[PDB]
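Participant:
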Ligand code: HEM
């Protein structure tokens, strides 16, 4: 119950709707019980009064009750359904907004401690289990408790002994049982979760390995293992169902016990009258109606374990805390920016002995510098550090001779443009997928940006509007690079940090991309990371580094005068 | 769309339920016995209360009509338990059968079709969209059986006593269906659209949550969080236009129940006051009949109330049935089965003429082909990326259908028996896979038994000979799920050992040198050349080094072979191979 408190405290925004739903449910149950009780008592009293009682029996008064009970029950049922289904949606929206807002900040130094895939689906399933929590758990327990209390006091107004016996029976049924049905449930749930995980792992392994398990004759001895695991899983499910039937059996038996106890007790002087008359039907009908109203409580205990697991999972994921902070003190930006590194010795908090030992370089304003090297030497680490994803372990970084620490989120994210290695296409229109960079461009600006070097085939299509991604059109890397560069160009920043811009391409497309990148930005400072030295002769400062350190730096002509650094005397791959 | 799809989905769900007919019939019979037991309990309680409220009888003189009530309660509890268990078994059997059918179809589809989804869609489909069927069947179908059975029994039971109380219950029964269906309903397939929109909203949220990295760079977030709020508002406003109508059925049913109870109570109450005369049957209206009518009235509509509770169970199953029916009705192609076999001791010579390769769904993948492979030779199929290079390999492996003639030592390939053809092959994959537990098993997968010297002299200084005193166990160390602990190359030296363990007659390679370090690449290609020196080999690779030893080099452009020849004759002629080598040289 401890895990539910931080999420039971999220309902303080909308309390009126939940209170209205609870009140309407209570009112409906009370109206039904009162209607049945009144009908029974009227029948018995009229029968016992006889013919010579018509002048001493004012039947006009008990008609307003049997009218109001029906009207109230109908209206309460309808509006309770409506109000509950409104409150559920409002709570769902608030939960989604809160989860996304608390998960946004810890993107780079966060979610990397697990496997990124199959985590988000678990998060979504947990949110669904939480809204199910709200409704299915909160409503019936409070409704039943209030109804029981009201019925008990109303009956106690007549005679205490029977009323308090009925109240004790209902209280013991409501309170004792669900805790007593929460141990074998826990055991079976743990076993079932383990078996389901094993089955999913085996199924994924078989489906992925079907390529080799057929050429090497093996794919007959693994379907058997899959079937055996499925059999064990079904056995666990059957063991759970055999337990869940006992709840209904015991509930019916308890109702029978209460009715029999009422019938035997009310037969010998209820209220202090050895020959009571016309009051025996009262208690019996009240007990029958009340005990045919506790059905929602029976199934409430099944939803608790999954909800608790989901809540604790979400709470643990959320409290992972961020990595870096932002001194939100306001500042301004300038059209001329420069990058100045002096010394950085950075390692990941996870493991150690990575690159970036003593890297040092100076970049002037409006200078194009390309970083060369092999794969894994530490270029990508430099790119990820420069956007302040992680934090420098020890060193200084200055932009315009100003420390990178004293910068707002908006200023830092606006003054630096990044062309990432992987391009993500949102499941939306081309206009929506492209207006991320600049949410002020008209249709003509988008049209001319596209009509520049890059994509011109998508210009006609069915128009700017389309479906991009899983739902609609699919693009390739050659069609992705020229859109990522378009996004970067639209997000006008004085410093552009291009990641690998030509990997996984062909000759003509690479040449066109190089011409585009050389022409469309001839004033913006550019520091791109490449490992294919095609066209690397128009840069005034080439830096080649390996094993996490700089081996030599110089201009192409000057640095080519000391034997092939990577050319290997113009011979190699 | 609308009703035309909902009706066929419901029809398919009903049709796929002929595997638990005995269990369903047993459940229906058990429901019938619950009726007789409810009518017994009511008669006995009325009998006790008319003796106790009128014609005062001592309490200790009604023991005989008292034990039978307890017996009836016990019997009803037993019947409820039995019904629950039978329903669960009936639900489980259908899931078993459906999962078996789906797995069989997926196995028969072939590896070409499987590698289209990111290995999560299939598992999600199977588990999530198969459990809902059991939920729906077990919880719903017995209730439909009960809802028509119990009320007629109650009506028949009440009629002999009074013909007015029975007519009160009869009157309502026509009305609720007609009123409900005609005015107050008519939008039942519209709720399917709302459910689909609700699911797609979660899908869009998931898509946004995957893109959290690309939103951090551009400064979005606070400006993006409004989109979720706007979408949720739109969804809520759209949804609450139909819930003002779909909730009228509950109001109608509650109103009819209350009206019936009130009418019965009023009639029987005013009967004894000497103000009414309808159905005393020339004897006289007694309280024992009024109490029976009052007690049995709630039990009339209770089966129908439970049907409202089980709506979310049926609406959830239709969503799964939609995807299951879509999957099971897709038209495929499949390869053609074979019958002939051949001898195990002979070289294999492959020839073809005007051969086309087709994807399992459609479209031509490899255009026209024309080649001839002498026995014992080594052939390399180089070319531009995305030209369908890895299509001849799948055509030879028997994973794809084809048009034309593909001859393996004379005989075609549509006539060979797979269980006698796949014994002549040995495969090396681009992306390694380890579908076992122990590292020894992933090596002996070809033959799950051997001596103790092949694990010594398997391949070379590979992960079998060397790379042993680096793992905290021996050769029986459990690899794990998808070789998570073995990250360097995803173990592209155990797959080569597995291929090299078994002597073969046609070795197929599919870019084996990808994602390895320089020493690992050197050792891998050394072992590969040593293996290919012994038998016919067909290699598809992108590396352009040490190709002087290969007999013939094929260049594949747009699925068509353009130039064939040795390295010396083809590195100077100036064809597409010249352009490829020039580009690779310009890389450094
Ligand atoms: C937004 C899509 C939804 C629609 C269209 C919908 C519609 C309905 C309908 C038609 C009923 C039955 C009314 C009757 O019996 O005549 C119902 C009942 C109910 N719904 Fe929903 N519902 C939706 C989502 C939800 C959600 C998110 C919850 C919360 C978990 C929920 C919980 C319930 C409950 C508790 C009941 C009554 C008892 C039950 O059937 O479980 N529903 N809803």
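Protein chains in written order, with PDB author numbering: chain A, 1 to 573; chain B, 1 to 588. Using N, Cα and C, we set each Cβ at its ideal position, and we do this for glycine too.
1. Rounded to the nearest angstrom, what separates residue 274(B) and residue 251(B) at their Cα positions?
2. In angstroms, rounded to a whole number, what distance separates the CA positions of residue 317(A) and residue 215(B)?
3. When the distance is taken between beta carbons, is residue 379(B) closer than 9 Å to residue 537(B)?
4. Have a look at 71(B), 524(B) and 298(B) and flag the residue whose alpha-carbon is nearest the alpha-carbon of residue 151(B).
5. Report the CB separation of residue 113(B) from residue 472(B) in whole angstroms; it is logged as a contact under 8 Å.
6. With DSSP collapsed to three states, give me the class of residue 461(A).
7. In chain A, which residues lie with their C-beta within 9 Å of the C-beta of residue 80(B)?
8. Quick one: give me the first and last residue of the alpha helix (DSSP H) that residue 496(B) is part of.
9. For residue 268(B), count the other beta carbons within 10 Å of its own beta carbon; 16 or more makes it buried, fewer makes it exposed. Which is it?
10. Residue 197(B) versus chain A: which residues are under 8 Å apart at the beta carbon?
11. Could you check whether the Cβ of residue 250(B) sits closer than 8 Å to any heavy atom belonging to ligand 1?
12. Here's a check: name, in chain order, each residue in its chain whose Cβ is nearer than 7 Å to the Cβ of residue 569(A), leaving out the five neighbours to either side.
13. Should residue 343(A) be listed as close to ligand 1, given that the test is whether its C-beta is under 8 Å from any heavy atom?
14. Around the C-beta of residue 254(B), are 16 or more other C-beta atoms found within 10 angstroms, so that it is buried, or is it exposed?
15. Can you give me the Cβ contacts of residue 459(B) inside the same chain, cut-off strictly under 7 Å, excluding the 5 residues immediately before and after it?
16. With a cut-off of 8 Å on the beta carbons, I'd call residue 594(B) and residue 90(A) a contact; round off their distance for me.
17. Tell me whether the segment 420–431 of chain B and the segment 505–518 of chain B touch, counting them as touching only if at least three CB pairs, one residue from each stretch, are closer than 8 Å.
18. Between the segment 196–210 of chain B and the segment 122–141 of chain A, do at least 3 Cβ pairs fall closer than 8 Å?
19. If I'm right that residue 286(A) touches residue 37(A) with Cβ under 8 Å, what's the distance once you round it to whole angstroms?
20. In the DSSP assignment, what are the bridge partners of residue 378(B)?
21. Going straight from the alpha carbon of residue 451(A) to that of residue 415(A), what length do you get?
22. Thinking just about the alpha-carbon of each residue, which of 564(B), 197(B), 221(B) and 103(B) is nearest to the one in residue 102(A)?
23. Scan the segment 295–369 of chain A and note each continuous beta strand (DSSP E) run of 3 residues or more that stays entirely inside, going in chain order.
24. For residue 370(B), does the three-state DSSP call read helix, strand or coil?
25. Counting contacts by CB-CB distance shorter than 9 Å, is residue 266(B) in contact with chain A?
26. Could you name the residues of the segment 176–203 of chain B whose beta carbon sits closer than 7 Å to any beta carbon of chain A, in the order they occur along the chain?
27. Would you check if the distance between the CB atom of residue 270(A) and the CB atom of residue 263(A) is smaller than 9 Å?
28. Could you name the residues of the same chain whose beta carbon sits closer than 8 Å to that of residue 363(A), not counting the 5 residues immediately before and after it, in chain order?
29. Shorter than 9 Å from the beta carbon of residue 283(A) to some beta carbon of chain B?
30. Could you tell me the boundaries of the beta strand (DSSP E) in which residue 404(B) lies?
31. Does the distance from the C-beta atom of residue 251(A) to that of residue 295(A) stay below 9 Å?
32. On the three-pair Cβ rule with 8 Å, is the segment 139–154 of chain B touching the segment 298–311 of chain B?
33. Flag residue 540(B) as yes if its beta-carbon sits less than 9 Å from any beta-carbon of chain A, otherwise no.
34. Give the interface partners of residue 281(B) over in chain A, defined as CB-CB distance under 9 Å, in chain order.
35. When the cut-off is 9 Å and only beta carbons count, does residue 121(A) lie next to chain B?
36. With 9 Å as the threshold, decide whether the Cβ of residue 502(B) is near any Cβ in chain A.
Facilitator: Reading it off the structure:
1. 35 Å
2. 20 Å
3. yes
4. 298(B)
5. Not a contact, Cβ separation roughly 40 Å.
6. strand
7. 245, 248, 249 and 252
8. 494–501
9. buried
10. Here the premise fails: no neighbours, minimum Cβ distance about 12 Å.
11. yes
12. 563
13. no
14. buried
15. 496, 497, 500 and 527
16. Nothing can be reported for residue 594(B), as the shown portion of chain B is limited to 1 through 588.
17. yes
18. yes
19. 5 Å
20. 537(B)
21. 26 Å
22. 221(B)
23. 339–344
24. strand
25. yes
26. 202
27. no
28. 338, 339, 340, 369, 525, 527 and 541
29. no
30. 401–408
31. yes
32. yes
33. no
34. Neighbours of residue 281(B) on chain A: none; closest Cβ ~17 Å, over 9 Å.
35. yes
36. yes
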